[PDB]
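Colleague: Structure incoming, see below.
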Amino acid sequence: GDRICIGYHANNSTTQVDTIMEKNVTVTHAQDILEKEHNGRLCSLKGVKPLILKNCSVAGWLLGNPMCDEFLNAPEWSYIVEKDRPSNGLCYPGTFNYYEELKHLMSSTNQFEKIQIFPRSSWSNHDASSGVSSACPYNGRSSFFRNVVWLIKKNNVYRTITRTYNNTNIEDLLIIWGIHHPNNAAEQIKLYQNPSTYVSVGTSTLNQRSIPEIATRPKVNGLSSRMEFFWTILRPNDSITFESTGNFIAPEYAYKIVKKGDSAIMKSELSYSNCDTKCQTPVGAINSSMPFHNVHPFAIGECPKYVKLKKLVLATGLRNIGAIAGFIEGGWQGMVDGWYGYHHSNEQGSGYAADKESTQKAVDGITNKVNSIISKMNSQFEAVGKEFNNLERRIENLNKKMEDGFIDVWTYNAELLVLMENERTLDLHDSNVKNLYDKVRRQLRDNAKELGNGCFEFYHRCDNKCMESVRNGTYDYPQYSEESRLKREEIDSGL
Amino acid sequence: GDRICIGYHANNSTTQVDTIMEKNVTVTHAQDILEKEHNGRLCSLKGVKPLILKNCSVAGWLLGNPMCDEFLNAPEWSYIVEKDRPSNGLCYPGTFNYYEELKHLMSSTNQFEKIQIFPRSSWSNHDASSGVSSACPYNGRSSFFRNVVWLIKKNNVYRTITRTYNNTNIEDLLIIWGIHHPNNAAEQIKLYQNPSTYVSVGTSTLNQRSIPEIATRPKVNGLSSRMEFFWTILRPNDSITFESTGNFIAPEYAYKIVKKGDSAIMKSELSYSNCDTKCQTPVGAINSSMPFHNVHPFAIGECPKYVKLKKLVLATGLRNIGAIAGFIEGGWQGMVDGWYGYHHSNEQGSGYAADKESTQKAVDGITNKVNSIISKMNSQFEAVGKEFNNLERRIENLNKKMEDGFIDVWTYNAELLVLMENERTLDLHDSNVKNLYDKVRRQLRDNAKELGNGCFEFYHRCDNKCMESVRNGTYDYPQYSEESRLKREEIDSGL
Amino acid sequence: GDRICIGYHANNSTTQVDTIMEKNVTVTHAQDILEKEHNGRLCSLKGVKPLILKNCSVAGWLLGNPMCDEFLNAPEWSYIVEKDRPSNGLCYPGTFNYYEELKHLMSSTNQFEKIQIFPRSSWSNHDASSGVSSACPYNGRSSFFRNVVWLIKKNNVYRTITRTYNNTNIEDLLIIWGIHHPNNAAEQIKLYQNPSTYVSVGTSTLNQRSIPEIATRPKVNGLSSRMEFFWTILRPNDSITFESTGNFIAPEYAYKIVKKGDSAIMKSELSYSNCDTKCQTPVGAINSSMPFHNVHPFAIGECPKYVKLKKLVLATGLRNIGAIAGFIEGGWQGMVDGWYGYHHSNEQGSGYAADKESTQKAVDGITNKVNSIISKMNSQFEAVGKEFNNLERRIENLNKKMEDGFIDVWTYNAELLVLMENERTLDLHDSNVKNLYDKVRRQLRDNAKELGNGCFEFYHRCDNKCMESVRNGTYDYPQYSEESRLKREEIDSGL
Ligand SMILES: *[C@@H]1O[C@H](CO)[C@@H](O)[C@H](O)[C@H]1NC(C)=O
Ligand SMILES: *[C@@H]1O[C@H](CO)[C@@H](O)[C@H](O)[C@H]1NC(C)=O
Ligand SMILES: *[C@@H]1O[C@H](CO)[C@@H](O)[C@H](O)[C@H]1NC(C)=O
């Protein structure tokens, strides 16, 4: 007898980590940092609801297609939800110039207030009720975009229109108008008498004369005619003037941009639920407690960072081992209040005491390294939705390559940091156990024989109050010097 | 005598590696991973030939400039080759709107099938044979684009054209038409009588009226007139209708997109050879066995990853050293079947046996680390060709900066991984040799004297069947305890 | 007595470094690499002055707004400075097509030479002096853009203009013209008689007919009319022809691009000073000696690399410690000519000599690692200025995300390299001190007793010429073997 041993923790764990050099390394303690679950619902963002467009496209909502809900309350929103191929858009077929730019402006917008600039009932010189069609039904009736007025000749005359709106508000106004492209020349005369007409609109910053492009087109939604829409932002104190002799599709209502901020247009097929989250993806919301996720690259809100992986586990503690009588062999199930420690084999002792002098010194620098690692990606790339028209394929692909590019880079960065510091964390543990050993043997020098399994045998008596002398770096060799100095020349000439 | 020594490999090698801290570190084993050679030819990709446009530009080929080869067989292709400044393009000078977008669509296209929608002989009301010119020769004759028909007034009349094609195919159709811009008003009447005309074309998704812009231009390829071409993709079940009173350049043939996939437009000056590769660059093909190359950033196919370096060598084994009598001094030329081992100096022994218990334990985790390193770049950035017109310089430069940006990032990533793990690989070797040592000395404790050069001298007799006891971690001190216990108190009072 | 100790440097320093695992680690030697100061002035770049546009926009300068300075000397420039919202632009209101593309061309341009292609006095058939207005004053007079001529009907007639310039120079010419959009039809007749007119311009590569868009606009700078400008680059040996019946704004002077190279348009509010730098940011110039800075992302010239951090310090030497009698405790203030060394406690000795065999071996591989680290970012991303119009928001944001993306990536890269190699540098120091120790104990084997504080006590006499035997790896045990062999069996049976 008369022994003491230097040893490390081992316990129930079967969680596994990876390094650069080995896979599936089981460890005592380990911290998952990759969130991979989601709730499949569409939720409010920190208490602010999304704008759910249902089956309507942004164009349909703004122009007020008869099938789309208006938002009379003028609510603010946290983001906008639009299905992948909405069914309710330009019910009257045509185009909507710079549509994609407008959707991009919607991403920085959180609240519209609709206001009337040119009231439907104020066009005295023109027909303001006939402009409706079988292509824009509202309860089976022919109807039209609620927000623009399709003016039509009155009494076979269409007197040249000039009309202005001075924007006296403090807010930017979104203003939408349009122009009508008939099938043929009879149609042009039938609706607007004047055979040759234009739609001119003037701003301080915007000058545009628009001309009816008459052509022969296939029937879309029942018609071969088309309607082309335009939009502009009228700055505070600026004014806009419209002049047309025909084919004018006149704004009735405009949109005051009353709140700018962090918003988004999310393409998703879900509908809303009584649910709230900090982080919303198109396929559902995320419990944003972890630092990384792989649910979906287009998450919005207070989100963890997207990485293309299926596992991401940090190591925090030792490897896991029975495991008998020293550190050379393995870890001690029997140690509980620490990571590295000792074992009293004494005339009274039984064993198992932890050196928390170096144990909290580890839980200090690892759990300060785990936080410091997470924060190293604070500025990691986050992707952002944008759309592109069929003639913008190159910049679409530029944008796709740029976003996939950064996601790959940051995925590489994350995996490497975890693998690299996992190798450093485990090797630290080895180091501490090896260093605990030396602290002990640097003390009991001649008074003890290293057995090479990780323990020392005493050439003297220690007693229990001395087995803390080695624990407290306070054992003095001279205390038992001459004692032991005798009793292993007794080995030298023993049996 | 009576010795044993712990030692490591050394051999013929003179291959050199680098770390963060040292350059030109010669090593025993090392794996080049940077492919830097190419074959200078243009080859088929995994058995599928490129489309070689010879001296023709994409525009020339599609419109069918008389000098360009048609591809009547409708072959599929692996990529398209176009010279840097092709000589055969718009032989009749003009423009080709959204040309660059069209070339970008060609990059996702692998096979056209040409089909006739409006046969040359079906324009009964117009001259369909006079439209040719000195600017588009075919064997010294005046001629024209084979794929579009330059219709001209018949009998001094040009009756307004309306004509339609319903796309009854399952495939997208590429359709190209154009319009003619004369020098002056006499020219306009001379060819198309009607003084004021248009070219209108209608699709479900496309509405366009085109008007002759008459102006006074310098002679290009002999003419001051110009021709402007347009293109659109007619979706399955859609139809297209053309209406013009003059200046119409009517499609005869359209292109069925029959195979989409991974393709490219490669700018290169080479011509084809009886050659096949897995990876093709503009200056030649690559033997894609390595994971990295520096030949050219625009490689296509099953390619290694492009990095801007001139060397990239992984270390796999020890440093290289004569080298005499222990690990403290250097490695042993005399060891052959392993990386770390021992040396029998015995009453019979001679020496040199490898501890493959820890040698295959290295060839396990290094050759698993070399594969694991290569795969860490599976998702590395790969550049993609695109073109831009003279008014698209900003997005050209955006695209150039984005691609150079990722190449630099991934070059940094590759070099750092190799240097960082090269430092870890060599230091592991040191560790294993130091650890082999301890395994031995943890066994022979009192029975042997460490000489500090890396060897032990025995205070007892071992014999050959004991020199495997230390090799198999199975030497028991008590076996020879009392033996040695005697014979170095014999040193204590020897000479 | 009779001792010797292995020890390391410690000194005045209080500079602190960081690693992955610890912050605020004080060290003996350390190298700041982050430049954070700037001089707040706008300086010449390596002796070449910027073009300071003062309150003029690029458009104002090129067209020659009466308030802007011309640069008659035709100076070359190192970059161009433009205020954020310049006050002197299109004094006559309108638009300037592809303005942003033109500014992007200015970034690769370092020198214009202005030349006259169509002299003001050569329009014999038109009024060339009346075209001025209250909106372009020059000393309180009505005036006009100095570089283009606003031609006006003469004697109530405006004879159709055709006019050409053959570019006989070797240099690309920048040519700017424009066209006038009146308020109403009376205005059109009042200035240009002909009711319906155009401005046509023909190049080999450029075909354009421009038509007056008459509309009713709010007064900008006093007028409701507008002027629209166009630009093109006329290649050497090419010619350009202008044809108009009215509304033509004719070039007088063109700009020969005589020097292309590295340039920039810097948005900044500063004005020039008698100052010169190697690196200029919009808020001031930088003393480009360091490798990294955080002053401003849009620096130009021979600049260090921009990273978003507030500190970036490399470690080069030991940690800093009184510190008494061995390496186990701490470093020695008393060592001066090295980093690791020894201490003579001899019958004559006092102590403190450095092992420069391993000290210069450190100042070799650290100060080769500090250079090698800096150069690892040679190809780091550098941001570049570009501008975008109000309908280019998507590519603006693409470009912003791409640049912020790379800055974040490279910031991550820089911090990690410094933290990672700081951990490697300090741990090397530990290694060297631990290795110096072993070199000594591998020599004095039986002749000395390790005291476990980092020192050895001698069982024999050494003398001063032997205390270099341990220093020069040349101590032979047999020299004092039988001596010591006696005198610690004297301990074995001493007191
Ligand atoms: C949306 O379209 C689907 C058809 O798939 C329909 O069943 C659903 O009721 C529609 N919802 C709204 C709000 O229009
Ligand atoms: C391509 O142009 C070159 C002129 O440099 C000519 O010699 C060669 O024969 C041409 N090849 C084809 C296929 O037109
Ligand atoms: C620029 O504008 C400011 C007005 O803030 C004026 O005081 C200054 O003199 C102007 N400088 C020039 C060169 O026009």
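Order determines the names: the first chain of the structure tokens is A, the second B, and so forth; residues in each chain are numbered 1 upward, and ligands are numbered 1 upward as they are shown.
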At a cut-off of 6 Å, which residues of chain A touch chain C? Count only C-alpha atoms and give the answer as an MDAnalysis selection string.

Modeller: chainID A and resid 200 202:204 209 365 369 442

Colleague: Generate the output file for the selected residues, N, CA and C atoms, as a PDB file, in the first residue's frame.

Modeller:
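Written output follows (part.pdb):
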```
ATOM      1  N   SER A 200     -48.718  61.453 -70.755  1.00  0.00           N
ATOM      2  CA  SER A 200     -47.538  62.158 -70.276  1.00  0.00           C
ATOM      3  C   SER A 200     -47.659  62.426 -68.781  1.00  0.00           C
ATOM      4  N   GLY A 202     -45.342  64.282 -65.559  1.00  0.00           N
ATOM      5  CA  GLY A 202     -44.179  65.067 -65.189  1.00  0.00           C
ATOM      6  C   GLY A 202     -43.946  65.268 -63.700  1.00  0.00           C
ATOM      7  N   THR A 203     -42.724  64.990 -63.277  1.00  0.00           N
ATOM      8  CA  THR A 203     -42.218  65.202 -61.926  1.00  0.00           C
ATOM      9  C   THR A 203     -40.967  66.069 -62.019  1.00  0.00           C
ATOM     10  N   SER A 204     -40.501  66.591 -60.886  1.00  0.00           N
ATOM     11  CA  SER A 204     -39.181  67.212 -60.899  1.00  0.00           C
ATOM     12  C   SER A 204     -38.132  66.252 -61.458  1.00  0.00           C
ATOM     13  N   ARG A 209     -43.421  60.374 -71.716  1.00  0.00           N
ATOM     14  CA  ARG A 209     -44.555  60.392 -72.643  1.00  0.00           C
ATOM     15  C   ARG A 209     -44.771  58.949 -73.066  1.00  0.00           C
ATOM     16  N   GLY A 365     -11.924  28.660 -19.020  1.00  0.00           N
ATOM     17  CA  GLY A 365     -11.392  28.969 -20.343  1.00  0.00           C
ATOM     18  C   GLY A 365     -12.032  28.226 -21.502  1.00  0.00           C
ATOM     19  N   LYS A 369     -14.229  30.137 -24.077  1.00  0.00           N
ATOM     20  CA  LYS A 369     -13.924  29.841 -25.476  1.00  0.00           C
ATOM     21  C   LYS A 369     -15.178  29.469 -26.270  1.00  0.00           C
ATOM     22  N   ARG A 442       6.825  17.037  -8.844  1.00  0.00           N
ATOM     23  CA  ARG A 442       7.749  18.119  -8.518  1.00  0.00           C
ATOM     24  C   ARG A 442       7.832  18.349  -7.012  1.00  0.00           C
TER      25      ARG A 442
END
```

Colleague: Check the DSSP output for the backbone and give back, as a VMD selection string, the residues of segment 101-167 of chain B in strand (DSSP E).

Modeller: chain B and resid 109 to 116 133 to 138 141 to 143 148 to 150 161 to 166

Colleague: Mind dumping the selected residues with C-alpha atoms as a CSV table (one decimal), in the first residue's frame?

Modeller:
```csv
chain,number,residue,atom,x,y,z
B,109,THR,CA,-28.7,24.6,-73.1
B,110,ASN,CA,-27.2,21.4,-74.6
B,111,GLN,CA,-29.3,20.7,-77.7
B,112,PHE,CA,-31.3,22.6,-80.4
B,113,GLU,CA,-33.6,21.1,-83.0
B,114,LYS,CA,-34.2,23.6,-85.8
B,115,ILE,CA,-37.8,23.7,-87.1
B,116,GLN,CA,-39.5,25.7,-89.8
B,133,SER,CA,-26.8,42.0,-100.3
B,134,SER,CA,-23.2,42.4,-101.1
B,135,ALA,CA,-22.6,42.4,-97.3
B,136,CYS,CA,-23.6,38.7,-96.8
B,137,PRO,CA,-21.8,36.8,-99.5
B,138,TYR,CA,-22.0,33.0,-100.0
B,141,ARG,CA,-22.8,35.9,-104.4
B,142,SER,CA,-25.0,38.4,-102.7
B,143,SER,CA,-26.9,36.5,-100.0
B,148,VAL,CA,-34.7,34.9,-91.4
B,149,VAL,CA,-36.3,36.2,-94.6
B,150,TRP,CA,-35.8,39.9,-95.6
B,161,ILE,CA,-48.8,41.3,-92.8
B,162,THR,CA,-50.5,39.5,-90.0
B,163,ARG,CA,-49.2,36.0,-89.2
B,164,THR,CA,-49.2,33.6,-86.3
B,165,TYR,CA,-47.5,30.5,-85.1
B,166,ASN,CA,-49.1,28.3,-82.3
```

Colleague: Can you pull out every residue with an atom within 10 Å of ligand 1? Use only C-alpha atoms and all ligand atoms and format it as an NGL selection string.

Modeller: :A and (52-56 or 67-69 or 83 or 86-88 or 269 or 271)

Colleague: For residue 99 of chain B, please output as a list in words all residues within 10 Å (counting only C-alpha atoms; exclusion window: fewer than 4 positions along the same chain).

Modeller: residues 58, 59, 95, 103, 104, 105, 229, 230, 231, 387, 388 and 389 of chain B

Colleague: Convert the current residue selection to file output with C-alpha atoms, as a PDB file, in the first residue's frame.

Modeller:
```pdb
ATOM      1  CA  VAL B  58     -23.341  32.945 -81.501  1.00  0.00           C
ATOM      2  CA  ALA B  59     -25.381  35.570 -83.357  1.00  0.00           C
ATOM      3  CA  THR B  95     -27.615  45.155 -83.300  1.00  0.00           C
ATOM      4  CA  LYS B 103     -25.720  33.801 -74.594  1.00  0.00           C
ATOM      5  CA  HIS B 104     -26.459  33.284 -70.934  1.00  0.00           C
ATOM      6  CA  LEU B 105     -29.418  31.061 -71.881  1.00  0.00           C
ATOM      7  CA  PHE B 229     -32.880  41.708 -84.280  1.00  0.00           C
ATOM      8  CA  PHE B 230     -35.072  40.578 -81.404  1.00  0.00           C
ATOM      9  CA  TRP B 231     -35.652  37.293 -79.699  1.00  0.00           C
ATOM     10  CA  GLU B 387     -20.571  38.517 -70.952  1.00  0.00           C
ATOM     11  CA  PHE B 388     -21.677  42.168 -70.756  1.00  0.00           C
ATOM     12  CA  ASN B 389     -22.367  44.928 -73.272  1.00  0.00           C
TER      13      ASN B 389
END
```

Colleague: For residue 457 of chain A, please output as a ChimeraX atom specification all residues within 6 Å (counting only C-alpha atoms; exclusion window: fewer than 3 positions along the same chain).

Modeller: /A:2-3,448-449

Colleague: For the selection just defined, write its residues with N, CA, C and O atoms to a file, as a PDB file, in the first residue's frame.

Modeller:
```
ATOM      1  N   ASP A   2       0.214   2.396   0.340  1.00  0.00           N
ATOM      2  CA  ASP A   2       0.830   3.717   0.504  1.00  0.00           C
ATOM      3  C   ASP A   2       0.899   4.495  -0.815  1.00  0.00           C
ATOM      4  O   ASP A   2       1.973   4.975  -1.195  1.00  0.00           O
ATOM      5  N   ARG A   3      -0.237   4.675  -1.498  1.00  0.00           N
ATOM      6  CA  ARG A   3      -0.252   5.168  -2.879  1.00  0.00           C
ATOM      7  C   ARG A   3      -1.043   6.471  -3.016  1.00  0.00           C
ATOM      8  O   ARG A   3      -1.704   6.935  -2.083  1.00  0.00           O
ATOM      9  N   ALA A 448       9.153   9.314  -2.913  1.00  0.00           N
ATOM     10  CA  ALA A 448       8.118   8.544  -3.588  1.00  0.00           C
ATOM     11  C   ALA A 448       8.640   7.994  -4.909  1.00  0.00           C
ATOM     12  O   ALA A 448       9.476   8.617  -5.574  1.00  0.00           O
ATOM     13  N   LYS A 449       8.106   6.832  -5.290  1.00  0.00           N
ATOM     14  CA  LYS A 449       8.514   6.095  -6.482  1.00  0.00           C
ATOM     15  C   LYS A 449       7.390   6.136  -7.510  1.00  0.00           C
ATOM     16  O   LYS A 449       6.300   5.618  -7.248  1.00  0.00           O
TER      17      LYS A 449
END
```

Colleague: Name the residues in contact with residue 370 of chain A at a cut-off of 10 Å, using only C-alpha atoms, excluding same-chain residues fewer than 6 positions from it; report them as a JSON list (two decimals) with N, CA, C and O atoms, in the first residue's frame.

Modeller:
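The resulting around-v9.json:
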```
[["chain", "number", "residue", "atom", "x", "y", "z"],
["A", 31, "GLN", "N", -21.51, 20.37, -26.41],
["A", 31, "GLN", "CA", -22.53, 21.40, -26.59],
["A", 31, "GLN", "C", -22.95, 21.41, -28.06],
["A", 31, "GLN", "O", -22.18, 21.83, -28.93],
["A", 33, "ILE", "N", -24.61, 22.98, -31.21],
["A", 33, "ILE", "CA", -24.83, 24.38, -31.54],
["A", 33, "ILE", "C", -25.60, 24.54, -32.84],
["A", 33, "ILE", "O", -25.79, 25.66, -33.32],
["A", 314, "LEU", "N", -19.67, 21.12, -30.53],
["A", 314, "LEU", "CA", -18.47, 21.53, -29.83],
["A", 314, "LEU", "C", -18.16, 20.54, -28.71],
["A", 314, "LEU", "O", -19.07, 20.06, -28.04],
["A", 315, "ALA", "N", -16.89, 20.26, -28.50],
["A", 315, "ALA", "CA", -16.52, 19.52, -27.32],
["A", 315, "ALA", "C", -16.24, 20.52, -26.20],
["A", 315, "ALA", "O", -15.72, 21.61, -26.45],
["A", 316, "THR", "N", -16.63, 20.15, -24.98],
["A", 316, "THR", "CA", -16.30, 20.94, -23.81],
["A", 316, "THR", "C", -15.49, 20.18, -22.77],
["A", 316, "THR", "O", -14.74, 20.80, -22.03],
["A", 418, "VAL", "N", -15.04, 24.62, -35.38],
["A", 418, "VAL", "CA", -15.47, 23.63, -34.42],
["A", 418, "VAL", "C", -14.50, 22.46, -34.39],
["A", 418, "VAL", "O", -14.05, 22.03, -33.32],
["A", 421, "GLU", "N", -10.99, 23.75, -32.91],
["A", 421, "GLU", "CA", -10.93, 23.96, -31.48],
["A", 421, "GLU", "C", -11.35, 22.73, -30.70],
["A", 421, "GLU", "O", -10.92, 22.58, -29.55],
["C", 20, "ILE", "N", -7.36, 32.35, -28.78],
["C", 20, "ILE", "CA", -8.70, 31.78, -28.79],
["C", 20, "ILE", "C", -9.22, 31.58, -27.37],
["C", 20, "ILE", "O", -10.42, 31.73, -27.11],
["C", 21, "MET", "N", -8.33, 31.24, -26.44],
["C", 21, "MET", "CA", -8.71, 30.77, -25.12],
["C", 21, "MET", "C", -8.65, 31.82, -24.02],
["C", 21, "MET", "O", -9.40, 31.72, -23.05]]
```

Colleague: Residues of segment 297-477 of chain A classed as alpha helix (DSSP H) by DSSP on the backbone are to be reported as a PyMOL selection string.

Modeller: chain A and resi 356-365+367-375+393-441+477

Colleague: Take the residues from that selection and write them out as a PDB file, in the first residue's frame, keeping C-alpha atoms.

Modeller:
```
ATOM      1  CA  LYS A 356     -10.656  22.300  -8.468  1.00  0.00           C
ATOM      2  CA  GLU A 357      -7.623  24.621  -8.568  1.00  0.00           C
ATOM      3  CA  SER A 358      -7.228  23.404 -12.169  1.00  0.00           C
ATOM      4  CA  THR A 359     -10.834  22.221 -12.709  1.00  0.00           C
ATOM      5  CA  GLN A 360     -12.551  25.593 -12.519  1.00  0.00           C
ATOM      6  CA  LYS A 361      -9.484  26.881 -14.417  1.00  0.00           C
ATOM      7  CA  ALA A 362     -10.807  24.715 -17.281  1.00  0.00           C
ATOM      8  CA  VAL A 363     -14.552  25.438 -16.961  1.00  0.00           C
ATOM      9  CA  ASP A 364     -13.326  29.063 -17.051  1.00  0.00           C
ATOM     10  CA  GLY A 365     -11.392  28.969 -20.343  1.00  0.00           C
ATOM     11  CA  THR A 367     -16.897  28.090 -21.387  1.00  0.00           C
ATOM     12  CA  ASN A 368     -15.194  31.427 -22.239  1.00  0.00           C
ATOM     13  CA  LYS A 369     -13.924  29.841 -25.476  1.00  0.00           C
ATOM     14  CA  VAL A 370     -17.415  28.533 -26.380  1.00  0.00           C
ATOM     15  CA  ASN A 371     -18.943  32.014 -26.124  1.00  0.00           C
ATOM     16  CA  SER A 372     -15.925  33.585 -27.875  1.00  0.00           C
ATOM     17  CA  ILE A 373     -16.298  31.091 -30.727  1.00  0.00           C
ATOM     18  CA  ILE A 374     -20.022  31.787 -31.302  1.00  0.00           C
ATOM     19  CA  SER A 375     -19.414  35.554 -31.382  1.00  0.00           C
ATOM     20  CA  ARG A 393     -30.930  36.130 -65.881  1.00  0.00           C
ATOM     21  CA  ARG A 394     -27.259  37.173 -65.611  1.00  0.00           C
ATOM     22  CA  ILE A 395     -27.721  39.266 -62.506  1.00  0.00           C
ATOM     23  CA  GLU A 396     -30.076  36.645 -61.072  1.00  0.00           C
ATOM     24  CA  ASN A 397     -27.237  34.137 -61.393  1.00  0.00           C
ATOM     25  CA  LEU A 398     -24.639  36.629 -60.129  1.00  0.00           C
ATOM     26  CA  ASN A 399     -26.867  37.086 -57.087  1.00  0.00           C
ATOM     27  CA  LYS A 400     -27.364  33.332 -56.662  1.00  0.00           C
ATOM     28  CA  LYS A 401     -23.635  32.654 -56.958  1.00  0.00           C
ATOM     29  CA  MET A 402     -22.814  35.423 -54.526  1.00  0.00           C
ATOM     30  CA  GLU A 403     -25.183  34.126 -51.878  1.00  0.00           C
ATOM     31  CA  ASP A 404     -24.248  30.468 -52.316  1.00  0.00           C
ATOM     32  CA  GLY A 405     -20.640  31.656 -52.320  1.00  0.00           C
ATOM     33  CA  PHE A 406     -20.860  33.255 -48.913  1.00  0.00           C
ATOM     34  CA  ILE A 407     -22.939  30.418 -47.438  1.00  0.00           C
ATOM     35  CA  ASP A 408     -20.213  27.960 -48.525  1.00  0.00           C
ATOM     36  CA  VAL A 409     -17.457  30.177 -47.145  1.00  0.00           C
ATOM     37  CA  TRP A 410     -19.202  30.584 -43.819  1.00  0.00           C
ATOM     38  CA  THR A 411     -20.094  26.885 -43.694  1.00  0.00           C
ATOM     39  CA  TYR A 412     -16.402  26.110 -44.215  1.00  0.00           C
ATOM     40  CA  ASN A 413     -15.502  28.643 -41.542  1.00  0.00           C
ATOM     41  CA  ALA A 414     -17.936  27.178 -38.998  1.00  0.00           C
ATOM     42  CA  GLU A 415     -17.007  23.537 -39.457  1.00  0.00           C
ATOM     43  CA  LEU A 416     -13.274  24.326 -39.335  1.00  0.00           C
ATOM     44  CA  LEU A 417     -13.533  26.378 -36.172  1.00  0.00           C
ATOM     45  CA  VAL A 418     -15.471  23.630 -34.420  1.00  0.00           C
ATOM     46  CA  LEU A 419     -13.154  20.848 -35.604  1.00  0.00           C
ATOM     47  CA  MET A 420     -10.032  22.881 -34.960  1.00  0.00           C
ATOM     48  CA  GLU A 421     -10.925  23.965 -31.483  1.00  0.00           C
ATOM     49  CA  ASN A 422     -12.352  20.526 -30.636  1.00  0.00           C
ATOM     50  CA  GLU A 423      -8.838  19.194 -31.251  1.00  0.00           C
ATOM     51  CA  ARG A 424      -7.476  21.971 -29.036  1.00  0.00           C
ATOM     52  CA  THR A 425     -10.043  21.370 -26.285  1.00  0.00           C
ATOM     53  CA  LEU A 426      -9.414  17.629 -25.939  1.00  0.00           C
ATOM     54  CA  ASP A 427      -5.652  18.140 -26.093  1.00  0.00           C
ATOM     55  CA  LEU A 428      -5.897  20.731 -23.322  1.00  0.00           C
ATOM     56  CA  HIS A 429      -7.546  18.094 -21.114  1.00  0.00           C
ATOM     57  CA  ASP A 430      -4.639  15.729 -21.798  1.00  0.00           C
ATOM     58  CA  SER A 431      -2.323  18.624 -20.967  1.00  0.00           C
ATOM     59  CA  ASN A 432      -4.013  19.408 -17.665  1.00  0.00           C
ATOM     60  CA  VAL A 433      -3.927  15.772 -16.553  1.00  0.00           C
ATOM     61  CA  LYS A 434      -0.264  15.552 -17.546  1.00  0.00           C
ATOM     62  CA  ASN A 435       0.378  18.851 -15.716  1.00  0.00           C
ATOM     63  CA  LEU A 436      -1.478  17.863 -12.546  1.00  0.00           C
ATOM     64  CA  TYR A 437       0.869  14.849 -12.487  1.00  0.00           C
ATOM     65  CA  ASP A 438       3.978  17.021 -12.621  1.00  0.00           C
ATOM     66  CA  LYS A 439       2.796  19.399  -9.892  1.00  0.00           C
ATOM     67  CA  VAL A 440       2.625  16.324  -7.661  1.00  0.00           C
ATOM     68  CA  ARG A 441       5.954  14.761  -8.624  1.00  0.00           C
ATOM     69  CA  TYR A 477      10.186  17.409   1.232  1.00  0.00           C
TER      70      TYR A 477
END
```

Colleague: I'd like the neighbourhood of residue 17 of chain B as a list in words, where a residue qualifies if any of its atoms comes within 6 Å (using only C-alpha atoms), though same-chain residues fewer than 4 positions away should be ignored.

Modeller: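 Answer for this query is residues 24, 25 and 313 of chain B.
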
Colleague: Hey, which of C:267, C:41, C:85, C:29 ends up closest to ligand 3? Count only C-alpha atoms and all ligand atoms.

Modeller: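 Residue with the minimum atom-to-atom distance to ligand 3: C:85.
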
Colleague: Find the spatial neighbours of segment 331-342 of chain C, counting only C-alpha atoms, within a cut-off of 6 Å - ignore same-chain residues fewer than 5 positions away - and output them as a PyMOL selection string.

Modeller: chain C and resi 5-11+321+323+352-355+359
